[PDB]
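K.L.:
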Amino acid sequence: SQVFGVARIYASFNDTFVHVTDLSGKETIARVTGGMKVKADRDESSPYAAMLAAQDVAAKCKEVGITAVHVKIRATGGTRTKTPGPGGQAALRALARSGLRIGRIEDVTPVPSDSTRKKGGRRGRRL
Amino acid sequence: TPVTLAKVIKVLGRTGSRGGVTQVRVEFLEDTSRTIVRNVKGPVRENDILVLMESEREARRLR
Amino acid sequence: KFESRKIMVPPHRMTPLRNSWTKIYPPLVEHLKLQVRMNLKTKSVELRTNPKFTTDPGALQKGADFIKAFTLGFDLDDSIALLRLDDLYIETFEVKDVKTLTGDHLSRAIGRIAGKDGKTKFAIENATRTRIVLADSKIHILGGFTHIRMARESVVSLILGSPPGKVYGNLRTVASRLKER
Amino acid sequence: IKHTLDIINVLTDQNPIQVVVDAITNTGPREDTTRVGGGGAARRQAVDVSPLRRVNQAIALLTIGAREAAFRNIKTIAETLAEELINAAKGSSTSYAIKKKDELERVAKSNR
């Protein structure tokens, strides 16, 4: 049927990566960023900029002609939050909205068995 | 000039800061299948006829 | 031209699922025009769309968000508003992502986020125009992106030991500076 | 009004009541703007004014333009009002309410 790809969505607290690859992790096909899309420094990781970057990715994949993707959404992992943010959620909303074939939705977040010391100190990290 | 002809079918209430504008549900007169939500300044009863310009514009709420 | 997604059901949420299922599935079937099946054996909700239905590929995503948010413990009507509004999203965090807590420190932190009779939590949801599920170690926020950001500020304020009165002060500050604009 | 209908007769419009009704029709702003709150910097939003208010608005604009034109000249109220109804029964932009109808509709189109 369709040409299957590998979509990889990284969700940092400041950024959203959408990353289309071939099978076996071969080569990068479509790869933009919310940073390179929207010039507002407040809006570097908005769901709006995430949807714009995801539609840019969909446009470049249709330029290549590859339609199907196996999507692997991914949080920061490590020691920061292990659930991918609403940037990845709106990116999935956009890649559904852009009419690309979706093979399989999987949430691959790197979970440590047993973590080391975080960069928060004893107090807590942020705010 | 596209003169959009419209029909009032359902009033939604009184909105605006001053409480003056009206949200109106609209049966488009030329094509029945379009139901629009518009903002009308003035007195409107049911089954009235409006004269819009754009059938495609919709505004959510007002303050 | 079918498209099929499956989502698992935990038994913790399965009893409200089997209770309110009669209100859950018809707005997906009729008001959103999606094909909805349930394998109660594997506890799997199966959302598939057909050539019969309206070709709205975003409606399948919003239905998956509907079933996922109800799976996360959120209410029916909030997830129906997710079916209506697009700008509402979900945050999900852990307690140990922000500050390491152990034993009764975790319990007291959860109690200070909740407050007596939920009065700390509910006053958040009125003033942040969001909805929150406080799971075991998980927090789940549902609302606009600026609004879930402000709820994240409030809950990170609560989790680091700050008293609820300062949270009411910052809460009414953010509410006053947001409702005015 | 009787003098004005006589003038619209003698200015080669055999149907002066139709001249009145066409000036009502051709000078009604279909959509206008209201002053929404907007969050401090109060923008103006295009509302689509009711046709009863379009009648009210057109009659108001015509009477204002005629009262402006007939004031401080030798030319009578009947002649100025007939000139306005003839230049406004068919859109010519030499009358008053044609111009102000155009201004309200261009503010409405600019501000939707």
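Read top to bottom, the protein sequences are chains A, B, C and D. Residues in the first sequence are numbered consecutively from 1, following the numbering used here. Residues in the second sequence are numbered consecutively from 1001, following the numbering used here. Residues in the third sequence are numbered consecutively from 2001, following the numbering used here. Residues in the fourth sequence are numbered consecutively from 3001, following the numbering used here. No residue lacks a Cβ here, since even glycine has one placed at the ideal position from N, Cα and C.
For a contact meaning CB atoms closer than 8 Å, what does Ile-2090 (chain C) contact in chain A?
P.N.:
Under the 8 Å cutoff, chain A gives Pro-86 and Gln-89.
K.L.:
Reducing DSSP to helix, strand and coil, say where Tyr-2089 (chain C) ends up.
P.N.:
Of the three classes helix, strand and coil, the one that applies to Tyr-2089 (chain C) here is strand, per DSSP.
K.L.:
If you follow the beta strand (DSSP E) that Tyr-2025 (chain C) is in, where does it begin and where does it stop?
P.N.:
Here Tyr-2025 (chain C) belongs to no beta strand (DSSP E); instead the alpha helix (DSSP H) covers 2011 to 2026.
K.L.:
Quick check: what's the CA-CA separation for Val-3049 (chain D) versus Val-1044 (chain B)?
P.N.:
C-alpha separation (whole angstroms): 10 Å.
K.L.:
Name the DSSP beta bridge partners of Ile-73 (chain A), please?
P.N.:
The partner list for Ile-73 (chain A) (beta bridge, DSSP) reads A:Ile-9 and A:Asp-107.
K.L.:
Measuring only the C-alpha atoms, how far is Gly-88 (chain A) from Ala-2081 (chain C)?
P.N.:
Cα to Cα, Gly-88 (chain A) sits roughly 20 Å from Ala-2081 (chain C).
K.L.:
Using alpha carbons as the reference points, say which of A:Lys-82, A:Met-36, A:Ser-46 and A:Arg-97 lies closest to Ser-113 (chain A).
P.N.:
Looking at the Cα atoms, A:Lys-82 is the closest of the given residues.
K.L.:
Determine whether the Cβ of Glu-2125 (chain C) lies closer than 8 Å to any Cβ atom of chain A.
P.N.:
Not an interface residue.
K.L.:
Give a yes or no on whether 8 Å exceeds the smallest Cβ distance from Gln-2061 (chain C) to chain F.
P.N.:
Among the protein chains of the structure shown, namely A, B, C and D, there is no chain F.
K.L.:
Indicate the three-state DSSP secondary structure (helix, strand or coil) for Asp-2078 (chain C) in the structure shown.
P.N.:
Here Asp-2078 (chain C) sits in helix by DSSP.
K.L.:
Any beta carbon from chain D within less than 8 Å of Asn-1039 (chain B)'s own beta carbon?
P.N.:
By this cut-off, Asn-1039 (chain B) is an interface position.
K.L.:
Is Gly-2165 (chain C) close to chain A? Criterion is C-beta to C-beta, closer than 8 Å.
P.N.:
No, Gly-2165 (chain C) does not count as interfacial toward chain A.
K.L.:
Buried or exposed: which applies to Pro-86 (chain A), given that a residue is buried once 16 or more other Cβ atoms fall within 10 Å of its Cβ?
P.N.:
By the 10 Å Cβ count, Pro-86 (chain A) comes out buried.
K.L.:
How big is the Cα-Cα spacing for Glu-3031 (chain D) and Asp-3013 (chain D)?
P.N.:
Going from the Cα of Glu-3031 (chain D) to the Cα of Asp-3013 (chain D) covers about 30 Å.
K.L.:
Determine, using beta carbons only, whether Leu-1029 (chain B) comes closer than 8 Å to chain D.
P.N.:
Not closer than 8 Å to any Cβ of chain D, the Cβ of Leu-1029 (chain B) fails to qualify, so no.
K.L.:
With a floor of 3 residues, list each beta strand (DSSP E) that falls wholly inside the stretch 3010 to 3055 of chain D, ordered by position along the chain.
P.N.:
If we require 3 residues or more, the beta strand (DSSP E) runs fully inside the stretch 3010 to 3055 of chain D come out as 3032 to 3035 and 3044 to 3047.
K.L.:
Could you say if the stretch 2106 to 2114 of chain C and the stretch 2046 to 2056 of chain C meet the contact criterion of at least three C-beta pairs nearer than 8 Å?
P.N.:
Not touching, per the Cβ criterion.
K.L.:
Does the stretch 3082 to 3100 of chain D come within contact of the stretch 3040 to 3055 of chain D, defined as at least 3 CB pairs closer than 8 Å?
P.N.:
Segments in contact, no.
K.L.:
Strictly under 8 Å for the Cβ-Cβ distance: is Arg-3043 (chain D) near chain B by that measure?
P.N.:
It does not; no Cβ of chain B falls within 8 Å.
K.L.:
Are any of the Cβ atoms in chain B nearer than 8 Å to that of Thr-3034 (chain D)?
P.N.:
Answer yes: the Cβ-Cβ gap between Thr-3034 (chain D) and chain B drops below 8 Å somewhere.
K.L.:
Once the 5 residues before and after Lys-2006 (chain C) are set aside, which same chain residues still bring their CB inside 6 Å of it?
P.N.:
These residues qualify, in order along the chain: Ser-2044 and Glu-2046.
K.L.:
Would the beta-carbon of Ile-1049 (chain B) be found less than 7 Å away from any heavy atom of the ligand PLP?
P.N.:
The ligand PLP is not part of the structure shown, which contains no ligands of any sort.
K.L.:
Kindly identify the DSSP beta-bridge partner or partners of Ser-2044 (chain C).
P.N.:
BP columns for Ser-2044 (chain C) point to C:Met-2008 and C:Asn-2039.
K.L.:
Going by Cα to Cα distance, which pick from B:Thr-1015, B:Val-1024 and B:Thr-1032 is closest to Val-3036 (chain D)?
P.N.:
Out of B:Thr-1015, B:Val-1024 and B:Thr-1032, B:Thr-1015 has the C-alpha closest to the C-alpha of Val-3036 (chain D).
K.L.:
Against chain B, which members of the stretch 3048 to 3075 of chain D pass a CB distance test of less than 7 Å?
P.N.:
So the close ones are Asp-3048, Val-3049, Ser-3050, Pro-3051, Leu-3052 and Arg-3053.
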